[PDB]
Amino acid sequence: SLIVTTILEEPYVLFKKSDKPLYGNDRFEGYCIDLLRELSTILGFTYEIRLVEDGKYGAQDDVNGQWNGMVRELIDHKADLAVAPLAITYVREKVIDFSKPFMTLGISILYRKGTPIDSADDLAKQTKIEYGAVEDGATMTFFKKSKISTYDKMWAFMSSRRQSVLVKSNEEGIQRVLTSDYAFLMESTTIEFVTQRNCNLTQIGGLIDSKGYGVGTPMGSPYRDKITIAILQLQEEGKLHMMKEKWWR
C-alpha cells in the first residue's frame, strides 16, 4: 500500500461525520479523498491516508534550508504521494515531483462586500485594514519572493507584523475576516468555497497569479507520470468537474 500524506483543508480533506467511530481511510472525506479513490481505481494501488505531522504545506527555512510540511515528508520518503491542495511551484519542483494539475487557481483576496477596497494595490497603500496569509504556504512564498512593487510592499507589511497578521491555517484566516477588519490573501479555489457559504464575503479583484494543484511525489517517482495520465482521464470523462460540483455546492 502507498502511504499518502495530506492535510485538513475544507472542502478538499475533512473528517467524515458519523454517529459511530470511524477507522482508517474511512475517517476522511472531501474532494481530494474522492480524487485519491478515483486514482486508485484507475491505477490499481491500495493506500493508507496519514495527516501530515506538523500540519504544514511546505516551505524552506531561510537559515538551514530545510523543508517542512508535506514537501518534507516526500523528500524524506516518509510518504509515497501527497494528495492535497498542494500548489505546484518553482521552488517545490526543484525538490519533489508533481503530477500535472487536477485544478487550476490563483492567489486573490478574501474580504467583505460593500467596501472601497478593489485590489491588492488598495490594501498595499494603507495600514488601517490588516491583511495576511497562511504561514509557510505558497501564497506567503509568492509575496516573500516578489519583485513587484505592490507585492513587495505587502510583504514588508506582513513580515513586520508576522505575529499579528500571518495565520496557521486558512480556517484561521477566514475566521479573522469574519470577526475583525482583515483581508486574507488566499487561493481562489478555496475563496469560492468560502463565498458560497458566507454571503457577506467576496473575492476582491482578480487573480494575482496562476498555478495548479498537483499530486506530489518524491523526486524520480514512477507514480508521477502514471498519476498524470489518470488525472487526464478523469478530467476528460467529466469526473473532476462532478467532484468539484459535489464539494463546492
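When you see a residue number, it is the position in the sequence shown, counting from 1.
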| property | result |
| --- | --- |
| Segment of higher mean CA temperature factor, 172 to 180 or 101 to 109 | 172 to 180 |
| Mean Cα B-factor comparison, 117 to 125 or 80 to 88, giving the higher one as deposited | 117 to 125 |
| Residue of maximum C-alpha B factor among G212, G44, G216, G30, per deposited coordinates | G44 |
| Peak C-alpha temperature factor (PDB record), options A59, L185, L39, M70 | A59 |
| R224 - Cα temperature factor, lowest/middle/highest third of chain | lowest |
| Modelled-residue ranking by C-alpha temperature factor, third containing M140 | middle |
| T195 - which third its CA temperature factor falls in, relative to the rest of the chain | middle |
| Ranked against its chain, the third holding the CA B-factor of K20 | middle |
| Third of the chain, ranked by Cα B-factor, where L35 sits | lowest |
